[PDB]
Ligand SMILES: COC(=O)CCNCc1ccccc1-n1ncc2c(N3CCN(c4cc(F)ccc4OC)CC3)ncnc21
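Before any questions on binding or motion, here is one chain by itself as structure tokens, the form deposited without this ligand.
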């Protein structure tokens, strides 16, 4: 059963997903207004005026530093989750959200570009830690038969976060010359609501029984969250996981690549992050505004509604169809839209067909490669290696996002419309990889998933 206790716990957790989505998508709309600020602050200092190269570098640094923070943050989740707990770690890192949000919110008043760059770094550190905390907590408090459905709420949170950031970035909302510090500082508000709500959420009963050896405390939480007495099966299941973890050495990031039974789920974990970040989703949105102009922010907001609708579609299908099926349909459908893009963009100079290709690509992305890579890593591992594995998988997601972001304008300049062909090459490669290497985890236990990798190795 799904009690209001479970819905509340997962909703409060997904505020971190929204934070990641908001901070990712917020920085694009105030570009011209923030560049003007950087230029005014630096010129008013009294020295020689800044060069266009320096001004573009500081803008690029303001954007990119968030990815650097996220890389460090996502890779650092293991320094928190076992030490403090999953619930308590989420609470502790709101101190980074508040410091990050204050730096960005006060950089204009302080007439400081240093505060803006530090603010984006610290919010990067926070979002990075979130991207690993949220799926870990959701993956451990969710009933095994709905682990994927609740897992998809991480991506729903992210997608809604981007959308709100894009809406708020409008001139008549917070995208103004006077209100842009509030636009960046907005991240403080979900952080204060999450902080006030988190002490009312339970700690992971998997964590309490396996890591903290609190069997009764875990049983009471499980009884409340699932609103039953039949928690005896799940408790014994956690006792068999606790047994395994005490028999195995403490799992370090290096051990995941050395131990054969961890090598297969970690290659799966990393490659599924690459399948999301190298799908062509960055390219589809890059060319989006240009295509809408030929036939634009209100249309970009329109792409956000499609993005939201199809994440909800995935949520209602992932427990029926399974992860393997939805990930494959997603990659396949995107490959069909990827080739249709190349033909549309070369024959455009049919913008109506290219708008359709973008809309259907987003629809396919959100069916599988969008939500699945975020929650799948928690399913492929048991308690012992889960934090280390989510540190590696999370860092892989942030690093591949960062490297695609740096190399893509250069690739789009030299290849043009033909840039969607190398994405069709990637999509088919990940479509093949999912078919032969990714096992179905739908409705299965962490112990059943682990026993299967231990049998294969």
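Residue numbers count along the first chain shown, from 1.
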property: Residues of the deposited sequence left unbuilt between residue 296 and residue 295; result: 4 to 9
property: Selected stretch [higher average CA B-factor]: 77-85 or 169-177; result: 169-177
property: Of 119-127 and 226-234, the one with larger mean CA B-factor; result: 226-234
property: Maximum C-alpha temperature factor, selected from 207, 133, 352, 375; result: 352
property: Identity of residue with top Cα B-factor, from 187, 194, 247, 277; result: 247
property: Third of chain Cα B-factors occupied by residue 285; result: highest
property: Chain third (lowest, middle, highest) by recorded CA B-factor, residue given as residue 336; result: highest
property: Residue 154 - Cα temperature factor, lowest/middle/highest third of chain; result: lowest
property: Ranked against its chain, the third holding the CA B-factor of residue 240; result: highest
property: Chain thirds of CA B-factor: placement of residue 255; result: highest
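FYI, the form solved in complex with this ligand isn't displayed, but the following is about it.
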property: Partner proximity in the entry with it bound: residue 374 to this ligand, non-hydrogen atom cutoff 4.5 Å; result: yes
property: 4.5 Å heavy atom contact, residue 285 to this ligand in the entry with it bound; result: yes
property: Contact test in the entry with it bound: residue 362 vs this ligand, heavy atoms, 4.5 Å; result: yes
property: Residue 81 within 4.5 Å of this ligand in the entry with it bound, heavy atoms; result: no
property: Answer option from 275, 204, 166, 383, heavy atom within 4.5 Å of this ligand in the entry with it bound; result: 166
property: Contact residue in the entry with it bound, from 209, 303, 378, 318 (heavy atom within 4.5 Å of this ligand); result: 303
